[PDB]
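Structure first, commentary second.
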There are 2 protein chains.
Amino acid sequence: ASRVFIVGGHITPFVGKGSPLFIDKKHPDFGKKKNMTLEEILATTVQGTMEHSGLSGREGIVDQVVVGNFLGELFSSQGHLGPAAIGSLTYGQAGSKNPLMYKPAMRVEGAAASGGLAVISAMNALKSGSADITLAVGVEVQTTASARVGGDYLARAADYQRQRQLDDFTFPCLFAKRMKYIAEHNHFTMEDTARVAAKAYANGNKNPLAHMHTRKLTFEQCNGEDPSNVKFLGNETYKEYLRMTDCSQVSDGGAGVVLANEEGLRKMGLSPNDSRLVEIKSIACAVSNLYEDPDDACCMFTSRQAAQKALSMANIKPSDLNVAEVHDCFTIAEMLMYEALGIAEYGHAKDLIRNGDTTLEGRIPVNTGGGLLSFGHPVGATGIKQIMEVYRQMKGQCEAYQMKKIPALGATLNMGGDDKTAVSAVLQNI
Amino acid sequence: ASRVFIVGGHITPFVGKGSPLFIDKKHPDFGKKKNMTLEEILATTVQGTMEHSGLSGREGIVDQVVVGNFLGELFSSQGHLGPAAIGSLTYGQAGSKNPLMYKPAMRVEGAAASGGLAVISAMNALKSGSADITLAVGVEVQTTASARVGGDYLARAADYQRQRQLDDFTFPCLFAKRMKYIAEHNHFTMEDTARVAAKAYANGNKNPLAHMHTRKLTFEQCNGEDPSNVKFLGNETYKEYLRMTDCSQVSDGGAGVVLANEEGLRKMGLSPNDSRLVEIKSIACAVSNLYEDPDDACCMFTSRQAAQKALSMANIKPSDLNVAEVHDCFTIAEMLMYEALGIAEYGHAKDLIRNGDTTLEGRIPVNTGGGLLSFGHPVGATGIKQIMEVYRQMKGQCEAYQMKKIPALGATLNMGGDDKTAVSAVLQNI
Ligand SMILES: CC(=O)CC(=O)SCCNC(=O)CCNC(=O)[C@H](O)C(C)(C)COP(=O)(O)OP(=O)(O)OC[C@H]1O[C@@H](n2cnc3c(N)ncnc32)[C@H](O)[C@@H]1OP(=O)(O)O
Ligand SMILES: CC(=O)CC(=O)SCCNC(=O)CCNC(=O)[C@H](O)C(C)(C)COP(=O)(O)OP(=O)(O)OC[C@H]1O[C@@H](n2cnc3c(N)ncnc32)[C@H](O)[C@@H]1OP(=O)(O)O
């Protein structure tokens, strides 16, 4: 087994409605300057990743590139992101010399798990001998359509034939449906989900890259007492179980990471104990059946399978973790992710949230920079953002949201669709 | 280096307008039954692949699944094909036991090179120790939109912002644009491309899986002598250089392959010298810049890079090949692929086609079952179909289009976009 190391990476600001970085009718530059395109975000991500990893001027030592992206063919009319990434180093300098020419590249997809699947592909390439240094980048632009057209696009992650009819906001409806069953079993409550949102927004207020950085929300606002916090679904069966503040943001952004094996480190002139490295101890993927849903909506079975495989392969227990990043696409999902990861037992996520165990001051901080709720959710980027967030904490780089006790062990859990794809990784600080 | 073996596979009939298998006004079942959906095609492909590979009843020994698909999100409103593949063994049998539950799965994409990229991802998993048996499947449904809407969807493979404006049929226009430069340099002629189509259709007439199986074309109906073979492009600059018979078909279908390492063969009860096997000696991927095109339209630089890497890794020369499958998305591309692969020198593909060298009776038969022109082109399936076509000839399984001499060595060359992604493999018979 060849060891795999994160050498460095980059996360863009995540932007959309409500960010002062987003150009809309309220913005000074409206009509004069535009928001970044998918191509521009990909170029900023690739370049920033190479720069932060020490590869500027020697990008030719990267052996291959993997791009995670979910819906570029719909939001930007652009597939084939492999060769877009090959062109990203020199984007806008037509005819410049391009050290990535002719290298392997491809795009991987598994809905919001696309970024995590990109890291898996990159790692297989490292362990198979076909690469010693790999670039994995995840990007998404979703702000180019209305929220309602965007909802139909996102519904590509569901069993579209079977489930699109639930609601124009198909995904929010699928999680409202879970939350209804959850509330009926008293597994946890809408108050508890309001506590998740309060935590996410307080964390994002410490994070200048966060979509909702400037938005301050109290527990009371998240719990439905602000009348701007609407129960917005059309489906009358499920609409009482999802507020706006329960939902991840519609964001644009990118995240990238450079991965290396022991031979890659040697080429870069680095030792395996270099203080800039994090080891990926394990990574695992589990996928369930798109066409059939388990009866027990209180459990994310697929996410749990992936987390168990990863922790087992790394030979650690959930109680060994010092930090985690989980797929909080709704407040509802974070709670379930506590239990999928195993930092709470089944029915005890509510204990963790009521006691502050996952806050920055808690014994197991989760989603320290705002998660999908506040940091934002450019779908393809998210799995790589999670990895880089853990890396940033382990390297002391998080500024106002830096954990005081540098974490030795971390985990990520990245989910696609209604718990149909899951990717989980265990990271160990060097 | 772990060796990789093709254990078996399956190709569906490829269907669309002009096939008696396509349900349209001419078909007995018109109005009563519908053409297969993407889900149904994926289920038929996964089940057929398992069946032909000897895995029926033991599908649990498959460690992972990779799906090639380009445009399901547009043509079928469905992404996230990983969990669709997990549900494909038991499709339509709700509640049945599913030995693939929780295995890794993902979708990979690189336009028409998606099927080839799927094979590469599967092979990296086999060589990395995370898998011993893998399933790679490629599927596409494009008959759900008109050929013109479909053209806009296919333009996702181009630099959409830069190139969509050429023509509604963006890809046919990019290849017409090549052909104009090609014709001006006398590199080869429209007569030569007509000879490619005559070959493809005669091959497809021997192949019951072919989209154009029942369509017989004389050379005169390929060479523009028949005015009903229309020059259909809107762009006046390029419209003279492309006839309908020059174009790959808009098809629906699937192809699958089971791949194994030495450990996988052991699990299956097979020896590495078993007569059902074909070794994949090498596979390689090269990707160029989406945003910039080379000046020399007479050369497919990216395709040539991938073929050279694969031949070199296998330690063979082009003159050692007994059979090949190349990416004939237009008659124009087949000609250029002869020279990318190296079975002709630059400017000499025309010699091969004028002398019959790539016919079934020739010294190096290419696209023996009709290629993308007659077999058809469900884009995600194509890379895997190519592999399976070489396999089928090596195993004597091609019936009316079986070669005169069993091939010992074969190659494939699969391309995405306008020579932006290329995947090439070398196969050796056992
Ligand atoms: C599935 C996995 O794998 C895990 C995942 O990743 S799932 C992916 C999760 N992501 C998503 O689904 C995106 C979720 N988030 C969202 O869609 C948005 O954040 C929202 C939650 C939709 C945000 O809303 P917004 O940005 O303010 O946009 P907006 O245009 O106002 O849309 C809200 C809708 O609610 C209603 N609404 C909003 N404000 C309202 C008010 N004050 N009064 C009444 N109704 C209101 C409206 O009907 C509106 O749509 P219409 O104008 O078409 O009616
Ligand atoms: C992107 C990647 O990476 C993938 C690749 O490998 S590259 C992409 C390769 N694939 C393609 O580009 C698809 C190419 N093929 C096609 O679009 C179609 O097969 C084809 C247009 C060549 C033939 O299509 P068809 O469906 O048999 O005929 P039909 O669909 O009835 O009409 C096709 C068009 O031909 C023309 N046509 C047909 N009959 C005609 C007639 N009697 N008179 C004039 N024009 C006629 C029309 O222009 C028609 O389109 P519109 O009606 O929209 O104007």
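By convention in this document, the chains of the structure tokens carry letters A, B, ... by their order, each chain's residues are numbered from 1, and ligands are numbered from 1 in the order they are shown.
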Hey, which residues sit close to ligand 2? Say within 6 Å, counting only C-alpha atoms and all ligand atoms, and write them as JSON, numbers by chain. {"B": [111, 112, 147, 148, 154, 157, 171, 172, 230, 232, 244, 247, 248, 249, 250, 329, 379, 416, 417]}
Distance filter 6 Å, only C-alpha atoms, chain B against chain A, as a PDB file with N, CA and C atoms, in the first residue's frame:
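Written out: part.pdb:
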```
ATOM      1  N   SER B  77     -33.229  13.634 -18.437  1.00  0.00           N
ATOM      2  CA  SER B  77     -33.317  14.361 -17.168  1.00  0.00           C
ATOM      3  C   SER B  77     -32.748  13.582 -15.966  1.00  0.00           C
ATOM      4  N   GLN B  78     -31.771  12.714 -16.207  1.00  0.00           N
ATOM      5  CA  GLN B  78     -31.248  11.802 -15.187  1.00  0.00           C
ATOM      6  C   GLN B  78     -29.706  11.827 -15.151  1.00  0.00           C
ATOM      7  N   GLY B  79     -29.187  12.283 -14.035  1.00  0.00           N
ATOM      8  CA  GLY B  79     -27.766  12.102 -13.694  1.00  0.00           C
ATOM      9  C   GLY B  79     -27.623  10.973 -12.697  1.00  0.00           C
ATOM     10  N   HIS B  80     -26.508  10.951 -11.995  1.00  0.00           N
ATOM     11  CA  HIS B  80     -26.355  10.072 -10.830  1.00  0.00           C
ATOM     12  C   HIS B  80     -26.574   8.655 -11.223  1.00  0.00           C
ATOM     13  N   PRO B  83     -25.779   5.005  -8.666  1.00  0.00           N
ATOM     14  CA  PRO B  83     -26.874   4.260  -7.986  1.00  0.00           C
ATOM     15  C   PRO B  83     -27.954   3.687  -8.885  1.00  0.00           C
ATOM     16  N   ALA B  84     -28.107   4.227 -10.089  1.00  0.00           N
ATOM     17  CA  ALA B  84     -28.949   3.540 -11.102  1.00  0.00           C
ATOM     18  C   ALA B  84     -28.353   2.213 -11.508  1.00  0.00           C
ATOM     19  N   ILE B  86     -26.326   0.390  -9.606  1.00  0.00           N
ATOM     20  CA  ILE B  86     -26.536  -0.492  -8.401  1.00  0.00           C
ATOM     21  C   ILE B  86     -27.931  -1.096  -8.405  1.00  0.00           C
ATOM     22  N   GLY B  87     -28.929  -0.325  -8.831  1.00  0.00           N
ATOM     23  CA  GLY B  87     -30.277  -0.838  -8.923  1.00  0.00           C
ATOM     24  C   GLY B  87     -30.615  -1.591 -10.196  1.00  0.00           C
ATOM     25  N   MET B 101     -25.599  -3.898  -3.481  1.00  0.00           N
ATOM     26  CA  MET B 101     -25.810  -2.864  -2.454  1.00  0.00           C
ATOM     27  C   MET B 101     -24.523  -2.482  -1.741  1.00  0.00           C
ATOM     28  N   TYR B 102     -24.294  -1.175  -1.681  1.00  0.00           N
ATOM     29  CA  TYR B 102     -23.182  -0.542  -0.964  1.00  0.00           C
ATOM     30  C   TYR B 102     -21.811  -0.673  -1.631  1.00  0.00           C
ATOM     31  N   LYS B 103     -21.741  -1.190  -2.862  1.00  0.00           N
ATOM     32  CA  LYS B 103     -20.440  -1.263  -3.597  1.00  0.00           C
ATOM     33  C   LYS B 103     -20.128   0.108  -4.182  1.00  0.00           C
ATOM     34  N   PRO B 104     -18.854   0.364  -4.510  1.00  0.00           N
ATOM     35  CA  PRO B 104     -18.554   1.663  -5.105  1.00  0.00           C
ATOM     36  C   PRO B 104     -19.127   1.711  -6.486  1.00  0.00           C
ATOM     37  N   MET B 106     -19.680   4.922  -9.787  1.00  0.00           N
ATOM     38  CA  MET B 106     -19.709   6.310 -10.236  1.00  0.00           C
ATOM     39  C   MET B 106     -19.919   6.362 -11.738  1.00  0.00           C
ATOM     40  N   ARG B 107     -20.175   7.569 -12.203  1.00  0.00           N
ATOM     41  CA  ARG B 107     -20.284   7.892 -13.603  1.00  0.00           C
ATOM     42  C   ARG B 107     -19.059   8.720 -14.004  1.00  0.00           C
ATOM     43  N   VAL B 108     -18.471   8.398 -15.144  1.00  0.00           N
ATOM     44  CA  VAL B 108     -17.355   9.187 -15.690  1.00  0.00           C
ATOM     45  C   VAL B 108     -17.781   9.725 -17.026  1.00  0.00           C
ATOM     46  N   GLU B 109     -17.210  10.861 -17.389  1.00  0.00           N
ATOM     47  CA  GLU B 109     -17.647  11.586 -18.589  1.00  0.00           C
ATOM     48  C   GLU B 109     -16.481  12.282 -19.282  1.00  0.00           C
ATOM     49  N   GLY B 110     -16.420  12.102 -20.574  1.00  0.00           N
ATOM     50  CA  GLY B 110     -15.501  12.845 -21.403  1.00  0.00           C
ATOM     51  C   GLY B 110     -16.059  12.772 -22.799  1.00  0.00           C
ATOM     52  N   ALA B 111     -17.288  13.282 -22.928  1.00  0.00           N
ATOM     53  CA  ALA B 111     -17.986  13.316 -24.174  1.00  0.00           C
ATOM     54  C   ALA B 111     -18.053  11.903 -24.775  1.00  0.00           C
ATOM     55  N   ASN B 124      -7.700   1.157 -13.265  1.00  0.00           N
ATOM     56  CA  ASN B 124      -6.971   1.754 -12.098  1.00  0.00           C
ATOM     57  C   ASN B 124      -7.398   1.135 -10.791  1.00  0.00           C
ATOM     58  N   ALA B 125      -8.685   0.873 -10.647  1.00  0.00           N
ATOM     59  CA  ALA B 125      -9.174   0.199  -9.447  1.00  0.00           C
ATOM     60  C   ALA B 125      -8.601  -1.237  -9.322  1.00  0.00           C
ATOM     61  N   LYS B 127      -5.687  -2.355 -10.622  1.00  0.00           N
ATOM     62  CA  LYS B 127      -4.292  -2.300 -10.427  1.00  0.00           C
ATOM     63  C   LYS B 127      -3.957  -1.659  -9.078  1.00  0.00           C
ATOM     64  N   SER B 128      -4.892  -1.019  -8.406  1.00  0.00           N
ATOM     65  CA  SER B 128      -4.589  -0.323  -7.151  1.00  0.00           C
ATOM     66  C   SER B 128      -4.804  -1.190  -5.931  1.00  0.00           C
ATOM     67  N   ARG B 156     -22.296  20.394 -25.963  1.00  0.00           N
ATOM     68  CA  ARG B 156     -21.627  20.287 -24.661  1.00  0.00           C
ATOM     69  C   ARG B 156     -20.240  19.710 -24.693  1.00  0.00           C
ATOM     70  N   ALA B 157     -19.905  18.936 -25.723  1.00  0.00           N
ATOM     71  CA  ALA B 157     -18.558  18.425 -25.914  1.00  0.00           C
ATOM     72  C   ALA B 157     -17.613  19.463 -26.505  1.00  0.00           C
ATOM     73  N   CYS B 285      -4.656   7.474 -21.919  1.00  0.00           N
ATOM     74  CA  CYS B 285      -5.536   8.603 -22.115  1.00  0.00           C
ATOM     75  C   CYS B 285      -4.706   9.827 -22.365  1.00  0.00           C
ATOM     76  N   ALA B 286      -5.096  10.646 -23.335  1.00  0.00           N
ATOM     77  CA  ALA B 286      -4.546  11.941 -23.552  1.00  0.00           C
ATOM     78  C   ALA B 286      -5.649  12.965 -23.760  1.00  0.00           C
ATOM     79  N   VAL B 287      -5.409  14.171 -23.198  1.00  0.00           N
ATOM     80  CA  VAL B 287      -6.376  15.235 -23.292  1.00  0.00           C
ATOM     81  C   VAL B 287      -5.690  16.538 -23.646  1.00  0.00           C
ATOM     82  N   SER B 288      -6.278  17.269 -24.587  1.00  0.00           N
ATOM     83  CA  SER B 288      -5.764  18.545 -25.028  1.00  0.00           C
ATOM     84  C   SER B 288      -6.628  19.704 -24.486  1.00  0.00           C
ATOM     85  N   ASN B 289      -6.452  20.919 -25.026  1.00  0.00           N
ATOM     86  CA  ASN B 289      -7.091  22.143 -24.500  1.00  0.00           C
ATOM     87  C   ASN B 289      -8.429  22.394 -25.216  1.00  0.00           C
ATOM     88  N   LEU B 290      -9.516  22.364 -24.453  1.00  0.00           N
ATOM     89  CA  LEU B 290     -10.865  22.646 -25.042  1.00  0.00           C
ATOM     90  C   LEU B 290     -10.984  24.020 -25.754  1.00  0.00           C
TER      91      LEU B 290
END
```
Can you tell me, as a ChimeraX atom specification, what residues are no more than 10 Å from residue 366 of chain A when counting only C-alpha atoms, ignoring any on the same chain fewer than 5 positions away? /A:199-200,322-326,334,338,357-360,371,390,410-412
Any chance you could export the current selection's C-alpha atoms as a short mmCIF file (atom, residue, chain, number, x, y, z; two decimals), in the first residue's frame?
```cif
data_model
loop_
_atom_site.label_atom_id
_atom_site.label_comp_id
_atom_site.auth_asym_id
_atom_site.auth_seq_id
_atom_site.Cartn_x
_atom_site.Cartn_y
_atom_site.Cartn_z
CA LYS A 199 -24.26 26.88 14.63
CA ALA A 200 -23.59 26.94 10.86
CA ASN A 322 -10.79 15.57 16.54
CA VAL A 323 -12.66 17.24 13.65
CA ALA A 324 -15.19 16.41 10.99
CA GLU A 325 -16.84 17.77 7.83
CA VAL A 326 -20.25 16.32 6.99
CA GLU A 334 -26.25 17.17 9.44
CA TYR A 338 -23.69 12.68 13.11
CA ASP A 357 -20.57 18.99 21.32
CA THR A 358 -20.14 19.91 17.61
CA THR A 359 -19.56 23.65 18.06
CA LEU A 360 -16.07 25.09 17.73
CA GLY A 371 -20.82 23.86 6.12
CA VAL A 390 -9.91 19.54 7.44
CA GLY A 410 -10.26 14.13 10.85
CA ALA A 411 -13.05 12.66 8.76
CA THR A 412 -15.23 13.78 5.88
#
```
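Nearest to residue 374 of chain B of all the residues B:192, B:328, B:296, B:226 is B:328, counting only C-alpha atoms.
Between atom CA of residue 418 of chain B and atom CA of residue 170 of chain B there is a distance of 10.4 Å.
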Residue contacts of residue 394 of chain A (7 Å, only C-alpha atoms) excluding same-chain residues fewer than 4 positions away, as a list in words: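 That gives residues 390, 406, 407, 408 and 429 of chain A.
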For residue 376 of chain A, which of A:195, A:267, A:327, A:304 is the closest residue, counting only C-alpha atoms? A:327
Using atom CA of residue 405 of chain B and atom CA of residue 316 of chain B as the two end points, give the distance in Å to one decimal. 19.4 Å
Nearest to residue 402 of chain A: which of A:137, A:203, A:179, A:166 is it, counting only C-alpha atoms?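 Distance minimum relative to residue 402 of chain A lands on A:203.
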Tell me, which residues of segment 345-394 of chain B carry DSSP helix (DSSP H, G or I), written as JSON, numbers by chain? {"B": [349, 350, 351, 352, 353, 354, 355, 371, 372, 373, 374, 379, 380, 381, 382, 383, 384, 385, 386, 387, 388, 389, 390, 391, 392, 393, 394]}
Which is closest to ligand 1 among A:15, A:182, A:259, A:38, if we use only C-alpha atoms and all ligand atoms?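 Residue with the minimum atom-to-atom distance to ligand 1: A:15.
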Nearest to ligand 1: which of A:362, A:138, A:370, A:378 is it, counting only C-alpha atoms and all ligand atoms?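 Looking only at the distances to ligand 1, the closest residue turns out to be A:378.
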Enumerate the residues of segment 63-203 of chain B with a DSSP assignment of strand (DSSP E), computed from the backbone, and present them as JSON, numbers by chain. {"B": [64, 65, 66, 67, 68, 105, 106, 107, 108, 109, 133, 134, 135, 136, 137, 138, 139, 140, 141]}
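Near residue 398 of chain B, within a cut-off of 9 Å and counting only C-alpha atoms, sit the residues residues 207, 368, 369, 389, 392, 393 and 403 of chain B, with same-chain residues fewer than 5 positions away left out.
For the choices A:258, A:205, A:214, A:145, the atom-to-atom distance to residue 55 of chain A is smallest for A:258 when using only C-alpha atoms.
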Polymer residues at most 6 Å from residue 383 of chain B, only C-alpha atoms, same-chain spacing of 6 or more positions, as a list in words: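 Here the answer would be residues 115, 116 and 414 of chain B.
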Could you work out how far atom CA of residue 387 of chain B lies from atom CA of residue 307 of chain B, giving the answer in Å with one decimal?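 The value is 14.3 Å.
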For residue 308 of chain A, list every protein, DNA or RNA residue within 9 Å, evaluated using only C-alpha atoms, and leave out those in the same chain fewer than 4 positions away; present the list as an mmCIF file with C-alpha atoms, in the first residue's frame.
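Result saved to around26.cif:
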```cif
data_model
loop_
_atom_site.group_PDB
_atom_site.id
_atom_site.type_symbol
_atom_site.label_atom_id
_atom_site.label_comp_id
_atom_site.auth_asym_id
_atom_site.auth_seq_id
_atom_site.Cartn_x
_atom_site.Cartn_y
_atom_site.Cartn_z
ATOM 1 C CA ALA A 284 -14.298 4.610 0.835
ATOM 2 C CA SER A 303 -23.484 7.264 4.368
ATOM 3 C CA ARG A 304 -23.120 5.031 7.370
ATOM 4 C CA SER A 312 -12.283 0.409 9.686
ATOM 5 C CA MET A 313 -9.674 0.755 6.947
ATOM 6 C CA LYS A 317 -13.192 4.671 16.003
ATOM 7 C CA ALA A 340 -23.969 7.957 10.054
ATOM 8 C CA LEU A 341 -20.403 8.914 11.025
ATOM 9 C CA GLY A 342 -20.875 7.334 14.463
ATOM 10 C CA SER A 424 -15.912 9.119 3.354
#
```
